[PDB]
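Accompanying notes for the structure given below.
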Amino acid sequence: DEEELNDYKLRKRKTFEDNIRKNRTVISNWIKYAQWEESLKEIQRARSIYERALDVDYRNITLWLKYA
Amino acid sequence: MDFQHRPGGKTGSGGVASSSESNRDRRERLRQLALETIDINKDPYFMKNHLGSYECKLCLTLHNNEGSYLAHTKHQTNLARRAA
RNA sequence: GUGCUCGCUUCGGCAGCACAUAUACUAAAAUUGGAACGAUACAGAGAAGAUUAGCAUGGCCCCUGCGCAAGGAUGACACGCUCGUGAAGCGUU
Ligand SMILES: [Mg+2]
Ligand SMILES: [Mg+2]
Ligand SMILES: [Mg+2]
Ligand SMILES: [Mg+2]
Ligand SMILES: [Mg+2]
Ligand SMILES: [Mg+2]
Ligand SMILES: [Zn+2]
């Protein structure tokens with residue numbers, strides 16, 4: 001069950017990274033990736049995702065609001 | 001020869017279908033269009049038989065083709081008679 | 001090693017002087033990790049009927065090409081965002 005969960009998390013992370021690489025400026029993919037990382041209890045991974053999204057576009061209000 | 005201005009063809013094609021395959025594809029597409037218009041209209045009188053035939057339960061009438069049921073829309077008088 | 005000594009002095013040699021001063025990824029190896037994409041098998045050719053010409057657009061996708069040319073299936077890949085429920089703040093009672 002641990003290997004199946006690891007394969008599911010790898011597939012979800014691969015689809016999230018592919019959706020990020022397909023359209024970088026779409027911030028909803030960043031928000032969904034960060035919320036999925038926070039739902040799996042990975043605080044520093046979601047913090048790195050939010051910091052990458054703020055490096056992509058720091059002028060969005062909702063990125064700061066969701067990360068805070 | 002003008003290779004970029006010849007009519008377009010691709011290798012490993014298989015060719016154009018015959019009259020029977022095109023006829024049954026047209027019949028399947030007509031069935032799909034009739035089912036799409038029935039689901040858009042949301043008519044509960046349409047039924048498919050166990051032998052696979054269209055039936056109007058409000059009229060209790062069998063139909064050979066999809067357009068026979070598509071023209072069965074009499075049906076208002078039969079619906080008023082079967083309402084009570 | 002070569003050449004010469006107001007040498008020691010035998011005639012061989014010693015001693016002194018002068019010149020000549022720093023190669024190598026050091027392997028004839030032991031190792032180590034990456035693989036053409038061919039055989040089989042999976043496999044199956046864009047555009048709402050069918051047969052199809054294509055030009056792009058994006059980048060942790062490349063190949064052929066001397067290419068700021070042209071090809072590689074258009075090289076491939078690349079879709080789903082108008083009301084209530086609560087919370088916070090503000091002003092009136
Ligand atoms: Mg077509
Ligand atoms: Mg061309
Ligand atoms: Mg091209
Ligand atoms: Mg071509
Ligand atoms: Mg073509
Ligand atoms: Mg292209
Ligand atoms: Zn009827």
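Ligands are numbered from 1 in the order shown, chains are lettered A, B, ... in the order of the structure tokens, and residues start at 1 in each chain.
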
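Proximity to region 27-41 of chain B at 8 Å, evaluated using only C-alpha atoms (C1' of nucleotides) and with sequence-adjacent residues fewer than 3 positions away removed, yields residues 23, 24, 46, 66, 67 and 70 of chain B.
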
At a cut-off of 10 Å, can you tabulate as a Markdown table every residue of chain C near ligand 2 together with its closest atom pair and the distance in Å to one decimal, using only C-alpha atoms (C1' of nucleotides) and all ligand atoms and ordering rows by chain then number?
```
| residue | atom | partner | partner_atom_place_in_ligand_line | distance |
| --- | --- | --- | --- | --- |
| C:53 | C1' | ligand 2 | 1 (Mg) | 9.3 |
| C:54 | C1' | ligand 2 | 1 (Mg) | 7.0 |
| C:55 | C1' | ligand 2 | 1 (Mg) | 8.1 |
| C:70 | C1' | ligand 2 | 1 (Mg) | 8.0 |
| C:71 | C1' | ligand 2 | 1 (Mg) | 7.7 |
| C:74 | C1' | ligand 2 | 1 (Mg) | 8.6 |
```

Could you pull out the residues sitting within 12 Å of ligand 6, using only C-alpha atoms (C1' of nucleotides) and all ligand atoms, and write them as an MDAnalysis selection string? chainID C and resid 46 54:58 71:78

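Proximity to chain B at a cut-off of 10 Å picks out residues 45, 49, 50, 51, 52, 53 and 73 of chain C on chain C, counting only C-alpha atoms (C1' of nucleotides).
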
Write out, as a PDB file, in the first residue's frame, the residues just selected, with N, CA, C and O atoms (P, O5', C5', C4', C3', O3' and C1' of nucleotides).
```pdb
ATOM      1  P     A C  45      -4.373   5.951 -34.823  1.00  0.00           P
ATOM      2  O5'   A C  45      -3.716   6.905 -35.908  1.00  0.00           O
ATOM      3  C5'   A C  45      -2.766   7.888 -35.526  1.00  0.00           C
ATOM      4  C4'   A C  45      -2.403   8.801 -36.669  1.00  0.00           C
ATOM      5  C3'   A C  45      -3.503   9.057 -37.699  1.00  0.00           C
ATOM      6  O3'   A C  45      -3.452  10.418 -38.109  1.00  0.00           O
ATOM      7  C1'   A C  45      -1.576   8.215 -38.779  1.00  0.00           C
ATOM      8  P     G C  49     -17.883  14.918 -38.755  1.00  0.00           P
ATOM      9  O5'   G C  49     -19.089  13.908 -38.978  1.00  0.00           O
ATOM     10  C5'   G C  49     -18.948  12.532 -38.679  1.00  0.00           C
ATOM     11  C4'   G C  49     -19.054  11.692 -39.923  1.00  0.00           C
ATOM     12  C3'   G C  49     -17.769  11.478 -40.696  1.00  0.00           C
ATOM     13  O3'   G C  49     -16.964  10.460 -40.135  1.00  0.00           O
ATOM     14  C1'   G C  49     -19.495  12.063 -42.192  1.00  0.00           C
ATOM     15  P     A C  50     -15.373  10.636 -40.072  1.00  0.00           P
ATOM     16  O5'   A C  50     -14.893  10.239 -41.533  1.00  0.00           O
ATOM     17  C5'   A C  50     -15.260   8.993 -42.099  1.00  0.00           C
ATOM     18  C4'   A C  50     -14.862   8.921 -43.543  1.00  0.00           C
ATOM     19  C3'   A C  50     -13.528   9.555 -43.872  1.00  0.00           C
ATOM     20  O3'   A C  50     -12.368   8.891 -43.349  1.00  0.00           O
ATOM     21  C1'   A C  50     -15.099  10.376 -45.373  1.00  0.00           C
ATOM     22  P     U C  51     -11.458   7.817 -44.127  1.00  0.00           P
ATOM     23  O5'   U C  51     -10.599   8.686 -45.148  1.00  0.00           O
ATOM     24  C5'   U C  51     -10.383   8.223 -46.467  1.00  0.00           C
ATOM     25  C4'   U C  51      -9.885   9.313 -47.380  1.00  0.00           C
ATOM     26  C3'   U C  51      -8.646  10.061 -46.935  1.00  0.00           C
ATOM     27  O3'   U C  51      -7.454   9.331 -47.142  1.00  0.00           O
ATOM     28  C1'   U C  51     -10.233  11.578 -47.818  1.00  0.00           C
ATOM     29  P     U C  52      -6.168   9.632 -46.233  1.00  0.00           P
ATOM     30  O5'   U C  52      -5.546  10.949 -46.872  1.00  0.00           O
ATOM     31  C5'   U C  52      -5.243  12.074 -46.063  1.00  0.00           C
ATOM     32  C4'   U C  52      -5.418  13.363 -46.821  1.00  0.00           C
ATOM     33  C3'   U C  52      -4.640  14.546 -46.281  1.00  0.00           C
ATOM     34  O3'   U C  52      -3.292  14.549 -46.707  1.00  0.00           O
ATOM     35  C1'   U C  52      -6.870  15.200 -46.704  1.00  0.00           C
ATOM     36  P     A C  53      -2.207  15.439 -45.931  1.00  0.00           P
ATOM     37  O5'   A C  53      -2.276  16.853 -46.662  1.00  0.00           O
ATOM     38  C5'   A C  53      -1.991  16.969 -48.045  1.00  0.00           C
ATOM     39  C4'   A C  53      -1.709  18.394 -48.442  1.00  0.00           C
ATOM     40  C3'   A C  53      -0.788  19.172 -47.526  1.00  0.00           C
ATOM     41  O3'   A C  53       0.579  18.853 -47.699  1.00  0.00           O
ATOM     42  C1'   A C  53      -2.640  20.509 -48.077  1.00  0.00           C
ATOM     43  P     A C  73       7.081  12.089 -39.451  1.00  0.00           P
ATOM     44  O5'   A C  73       5.965  12.856 -40.275  1.00  0.00           O
ATOM     45  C5'   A C  73       5.262  12.216 -41.332  1.00  0.00           C
ATOM     46  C4'   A C  73       3.783  12.522 -41.300  1.00  0.00           C
ATOM     47  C3'   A C  73       3.411  13.959 -40.948  1.00  0.00           C
ATOM     48  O3'   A C  73       2.308  14.392 -41.745  1.00  0.00           O
ATOM     49  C1'   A C  73       2.391  12.464 -39.414  1.00  0.00           C
TER      50        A C  73
END
```

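All chain A residues having an atom within 8 Å of chain C, based on only C-alpha atoms (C1' of nucleotides), amount to residues 21, 22 and 23 of chain A.
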
Prev. selection, N, CA and C atoms, output as a PDB file, in the first residue's frame:
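Result file is again_11.pdb:
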```
ATOM      1  N   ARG A  21       4.559  23.361 -16.217  1.00  0.00           N
ATOM      2  CA  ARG A  21       5.441  23.591 -17.352  1.00  0.00           C
ATOM      3  C   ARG A  21       4.682  23.904 -18.633  1.00  0.00           C
ATOM      4  N   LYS A  22       3.428  23.463 -18.748  1.00  0.00           N
ATOM      5  CA  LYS A  22       2.636  23.788 -19.929  1.00  0.00           C
ATOM      6  C   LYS A  22       2.212  25.250 -19.926  1.00  0.00           C
ATOM      7  N   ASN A  23       1.748  25.749 -18.783  1.00  0.00           N
ATOM      8  CA  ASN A  23       1.336  27.146 -18.651  1.00  0.00           C
ATOM      9  C   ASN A  23       1.878  27.651 -17.319  1.00  0.00           C
TER      10      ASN A  23
END
```

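With CA of residue 51 (chain A) on one side and CA of residue 33 (chain A) on the other, the separation reads 12.4 Å.
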
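When CA of residue 38 (chain A) is paired with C1' of residue 89 (chain C), their separation reads 28.4 Å.
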
Pull the helix (DSSP H, G or I) assignments for chain B out of DSSP run on the backbone, and list those residues as a ChimeraX atom specification. /B:19-41,66-70,75-83

Using N, CA, C and O atoms, can you export the residues from the last selection as a compact mmCIF listing (two decimals), in the first residue's frame?
```
# COMPACT_ATOMS: atom_id res chain seq x y z
N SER B 19 -20.04 0.68 -49.91
CA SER B 19 -21.38 1.22 -49.73
C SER B 19 -22.06 0.67 -48.49
O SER B 19 -22.82 1.39 -47.83
N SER B 20 -21.78 -0.59 -48.13
CA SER B 20 -22.42 -1.20 -46.97
C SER B 20 -21.88 -0.63 -45.67
O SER B 20 -22.65 -0.37 -44.73
N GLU B 21 -20.56 -0.43 -45.59
CA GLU B 21 -19.95 0.12 -44.39
C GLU B 21 -20.33 1.58 -44.19
O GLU B 21 -20.61 2.01 -43.07
N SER B 22 -20.39 2.35 -45.29
CA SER B 22 -20.86 3.73 -45.21
C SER B 22 -22.34 3.81 -44.86
O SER B 22 -22.74 4.71 -44.12
N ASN B 23 -23.14 2.86 -45.36
CA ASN B 23 -24.56 2.83 -45.03
C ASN B 23 -24.80 2.51 -43.56
O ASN B 23 -25.64 3.14 -42.91
N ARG B 24 -24.05 1.54 -43.02
CA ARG B 24 -24.24 1.21 -41.61
C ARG B 24 -23.64 2.27 -40.69
O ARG B 24 -24.15 2.49 -39.59
N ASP B 25 -22.60 2.99 -41.16
CA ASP B 25 -22.09 4.12 -40.39
C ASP B 25 -23.09 5.27 -40.38
O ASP B 25 -23.26 5.94 -39.36
N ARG B 26 -23.76 5.50 -41.52
CA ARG B 26 -24.81 6.51 -41.58
C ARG B 26 -26.00 6.14 -40.72
O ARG B 26 -26.61 7.01 -40.08
N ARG B 27 -26.34 4.85 -40.67
CA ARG B 27 -27.44 4.39 -39.81
C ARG B 27 -27.09 4.53 -38.33
O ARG B 27 -27.95 4.92 -37.53
N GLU B 28 -25.84 4.23 -37.96
CA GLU B 28 -25.41 4.40 -36.58
C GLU B 28 -25.36 5.87 -36.19
O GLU B 28 -25.72 6.23 -35.06
N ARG B 29 -24.95 6.74 -37.12
CA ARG B 29 -24.95 8.17 -36.84
C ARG B 29 -26.35 8.74 -36.76
O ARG B 29 -26.60 9.66 -35.96
N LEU B 30 -27.28 8.21 -37.55
CA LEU B 30 -28.68 8.63 -37.46
C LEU B 30 -29.31 8.18 -36.15
O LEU B 30 -30.10 8.92 -35.55
N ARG B 31 -28.94 6.98 -35.69
CA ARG B 31 -29.38 6.50 -34.38
C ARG B 31 -28.82 7.37 -33.25
O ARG B 31 -29.54 7.70 -32.30
N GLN B 32 -27.55 7.77 -33.37
CA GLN B 32 -26.93 8.64 -32.38
C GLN B 32 -27.57 10.03 -32.37
O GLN B 32 -27.77 10.61 -31.30
N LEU B 33 -27.90 10.56 -33.55
CA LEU B 33 -28.55 11.86 -33.63
C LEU B 33 -29.97 11.81 -33.08
O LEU B 33 -30.41 12.75 -32.40
N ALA B 34 -30.69 10.72 -33.34
CA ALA B 34 -32.04 10.54 -32.80
C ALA B 34 -32.01 10.40 -31.29
O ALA B 34 -32.87 10.96 -30.59
N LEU B 35 -31.03 9.67 -30.75
CA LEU B 35 -30.89 9.54 -29.31
C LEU B 35 -30.48 10.85 -28.65
O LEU B 35 -30.93 11.16 -27.54
N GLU B 36 -29.64 11.64 -29.33
CA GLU B 36 -29.26 12.96 -28.82
C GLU B 36 -30.44 13.92 -28.79
O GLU B 36 -30.61 14.67 -27.83
N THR B 37 -31.28 13.89 -29.83
CA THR B 37 -32.46 14.75 -29.84
C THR B 37 -33.52 14.27 -28.86
O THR B 37 -34.28 15.09 -28.33
N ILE B 38 -33.60 12.96 -28.61
CA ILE B 38 -34.52 12.43 -27.61
C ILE B 38 -34.07 12.84 -26.20
O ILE B 38 -34.88 13.28 -25.38
N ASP B 39 -32.76 12.75 -25.93
CA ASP B 39 -32.23 13.15 -24.63
C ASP B 39 -32.28 14.66 -24.44
O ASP B 39 -32.39 15.13 -23.30
N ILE B 40 -32.18 15.43 -25.52
CA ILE B 40 -32.37 16.88 -25.43
C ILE B 40 -33.83 17.21 -25.17
O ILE B 40 -34.15 18.09 -24.36
N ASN B 41 -34.75 16.52 -25.85
CA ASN B 41 -36.17 16.78 -25.67
C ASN B 41 -36.72 16.16 -24.38
O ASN B 41 -37.77 16.61 -23.92
N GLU B 66 -35.45 5.37 -37.22
CA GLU B 66 -35.36 6.43 -36.22
C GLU B 66 -36.20 7.63 -36.61
O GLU B 66 -36.80 8.30 -35.75
N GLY B 67 -36.28 7.92 -37.91
CA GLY B 67 -37.11 9.02 -38.38
C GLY B 67 -38.59 8.74 -38.32
O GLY B 67 -39.39 9.67 -38.40
N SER B 68 -38.98 7.46 -38.21
CA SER B 68 -40.37 7.13 -37.95
C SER B 68 -40.79 7.58 -36.56
O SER B 68 -41.89 8.11 -36.38
N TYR B 69 -39.93 7.39 -35.56
CA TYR B 69 -40.22 7.92 -34.24
C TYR B 69 -40.01 9.42 -34.18
O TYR B 69 -40.67 10.11 -33.40
N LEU B 70 -39.09 9.95 -35.00
CA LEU B 70 -38.87 11.39 -35.03
C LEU B 70 -40.04 12.14 -35.66
O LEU B 70 -40.28 13.30 -35.34
N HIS B 75 -49.77 11.86 -31.78
CA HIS B 75 -49.16 11.60 -30.49
C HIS B 75 -49.71 12.49 -29.39
O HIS B 75 -49.79 12.06 -28.25
N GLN B 76 -50.15 13.71 -29.73
CA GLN B 76 -50.77 14.59 -28.73
C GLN B 76 -52.13 14.06 -28.28
O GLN B 76 -52.43 14.08 -27.08
N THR B 77 -52.94 13.57 -29.22
CA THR B 77 -54.24 13.00 -28.87
C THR B 77 -54.09 11.69 -28.11
O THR B 77 -54.85 11.42 -27.17
N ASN B 78 -53.10 10.88 -28.48
CA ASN B 78 -52.82 9.65 -27.75
C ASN B 78 -52.27 9.92 -26.36
O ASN B 78 -52.57 9.18 -25.42
N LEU B 79 -51.49 11.00 -26.21
CA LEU B 79 -50.99 11.38 -24.90
C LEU B 79 -52.11 11.92 -24.01
O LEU B 79 -52.12 11.68 -22.80
N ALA B 80 -53.06 12.65 -24.60
CA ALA B 80 -54.22 13.11 -23.84
C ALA B 80 -55.14 11.95 -23.47
O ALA B 80 -55.77 11.98 -22.41
N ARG B 81 -55.23 10.93 -24.33
CA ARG B 81 -56.04 9.76 -24.00
C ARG B 81 -55.38 8.90 -22.94
O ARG B 81 -56.06 8.36 -22.05
N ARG B 82 -54.05 8.75 -23.00
CA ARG B 82 -53.32 7.95 -22.02
C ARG B 82 -52.98 8.73 -20.76
O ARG B 82 -52.42 8.15 -19.82
N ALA B 83 -53.28 10.03 -20.71
CA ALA B 83 -53.05 10.81 -19.50
C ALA B 83 -54.03 10.43 -18.39
O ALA B 83 -53.67 10.47 -17.21
```

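Between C1' of residue 44 (chain C) and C1' of residue 62 (chain C) the interatomic distance comes to 21.3 Å.
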
Do you know which residues are at most 12 Å from residue 37 (chain A) counting only C-alpha atoms (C1' of nucleotides), after dropping those on the same chain fewer than 2 positions away, and could you put them as a PyMOL selection string? chain A and resi 9-10+12-13+16+30-35+39-50

Mind writing the picked residues with N, CA, C and O atoms as a tab-separated table (two decimals), in the first residue's frame?
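See part.tsv below for the written result:
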```tsv
chain	number	residue	atom	x	y	z
A	9	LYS	N	1.32	9.37	-5.63
A	9	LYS	CA	1.89	10.68	-5.37
A	9	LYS	C	2.86	11.11	-6.46
A	9	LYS	O	2.89	12.30	-6.81
A	10	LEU	N	3.63	10.17	-7.01
A	10	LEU	CA	4.53	10.47	-8.11
A	10	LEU	C	3.76	10.84	-9.38
A	10	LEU	O	4.16	11.76	-10.10
A	12	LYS	N	0.65	12.11	-9.46
A	12	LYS	CA	0.02	13.41	-9.20
A	12	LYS	C	1.03	14.55	-9.29
A	12	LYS	O	0.73	15.61	-9.86
A	13	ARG	N	2.25	14.33	-8.77
A	13	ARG	CA	3.29	15.35	-8.86
A	13	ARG	C	3.79	15.53	-10.28
A	13	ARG	O	4.12	16.65	-10.68
A	16	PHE	N	1.10	17.56	-12.00
A	16	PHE	CA	1.16	18.94	-11.53
A	16	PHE	C	2.35	19.69	-12.11
A	16	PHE	O	2.22	20.86	-12.51
A	30	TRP	N	-0.66	26.39	-9.60
A	30	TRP	CA	0.20	26.56	-8.42
A	30	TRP	C	-0.59	26.42	-7.13
A	30	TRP	O	-0.12	25.79	-6.18
A	31	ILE	N	-1.80	26.99	-7.10
A	31	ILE	CA	-2.64	26.93	-5.91
A	31	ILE	C	-3.12	25.51	-5.65
A	31	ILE	O	-3.10	25.03	-4.51
A	32	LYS	N	-3.49	24.79	-6.71
A	32	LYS	CA	-3.94	23.40	-6.57
A	32	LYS	C	-2.79	22.48	-6.17
A	32	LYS	O	-2.99	21.58	-5.34
A	33	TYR	N	-1.59	22.71	-6.71
A	33	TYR	CA	-0.41	21.95	-6.31
A	33	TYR	C	-0.04	22.21	-4.85
A	33	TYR	O	0.29	21.27	-4.12
A	34	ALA	N	-0.12	23.47	-4.42
A	34	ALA	CA	0.22	23.80	-3.04
A	34	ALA	C	-0.81	23.26	-2.06
A	34	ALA	O	-0.46	22.80	-0.97
A	35	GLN	N	-2.09	23.28	-2.44
A	35	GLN	CA	-3.13	22.73	-1.58
A	35	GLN	C	-3.08	21.21	-1.53
A	35	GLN	O	-3.38	20.62	-0.48
A	39	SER	N	-2.38	19.14	1.80
A	39	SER	CA	-3.32	18.10	2.21
A	39	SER	C	-2.62	16.79	2.52
A	39	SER	O	-3.17	15.97	3.26
A	40	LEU	N	-1.43	16.56	1.98
A	40	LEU	CA	-0.64	15.38	2.28
A	40	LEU	C	0.33	15.61	3.42
A	40	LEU	O	1.21	14.76	3.64
A	41	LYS	N	0.20	16.74	4.13
A	41	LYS	CA	1.01	17.14	5.29
A	41	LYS	C	2.50	17.22	4.95
A	41	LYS	O	3.34	16.55	5.54
A	42	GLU	N	2.80	18.07	3.97
A	42	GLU	CA	4.17	18.39	3.57
A	42	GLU	C	4.27	19.91	3.57
A	42	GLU	O	3.98	20.55	2.56
A	43	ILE	N	4.67	20.47	4.71
A	43	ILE	CA	4.62	21.92	4.89
A	43	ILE	C	5.73	22.61	4.10
A	43	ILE	O	5.50	23.64	3.45
A	44	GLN	N	6.95	22.06	4.14
A	44	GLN	CA	8.07	22.70	3.47
A	44	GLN	C	8.00	22.54	1.95
A	44	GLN	O	8.45	23.43	1.23
A	45	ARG	N	7.39	21.46	1.47
A	45	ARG	CA	7.18	21.28	0.04
A	45	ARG	C	6.18	22.29	-0.50
A	45	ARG	O	6.41	22.91	-1.55
A	46	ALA	N	5.08	22.51	0.23
A	46	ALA	CA	4.11	23.52	-0.16
A	46	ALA	C	4.67	24.93	-0.01
A	46	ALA	O	4.30	25.82	-0.78
A	47	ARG	N	5.56	25.14	0.97
A	47	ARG	CA	6.23	26.43	1.11
A	47	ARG	C	7.16	26.70	-0.07
A	47	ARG	O	7.23	27.83	-0.56
A	48	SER	N	7.85	25.67	-0.56
A	48	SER	CA	8.69	25.82	-1.74
A	48	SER	C	7.86	26.06	-2.99
A	48	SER	O	8.26	26.85	-3.86
A	49	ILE	N	6.69	25.41	-3.09
A	49	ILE	CA	5.77	25.63	-4.21
A	49	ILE	C	5.25	27.06	-4.21
A	49	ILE	O	5.23	27.74	-5.25
A	50	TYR	N	4.87	27.57	-3.03
A	50	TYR	CA	4.39	28.94	-2.91
A	50	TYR	C	5.49	29.96	-3.17
A	50	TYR	O	5.22	31.02	-3.76
```
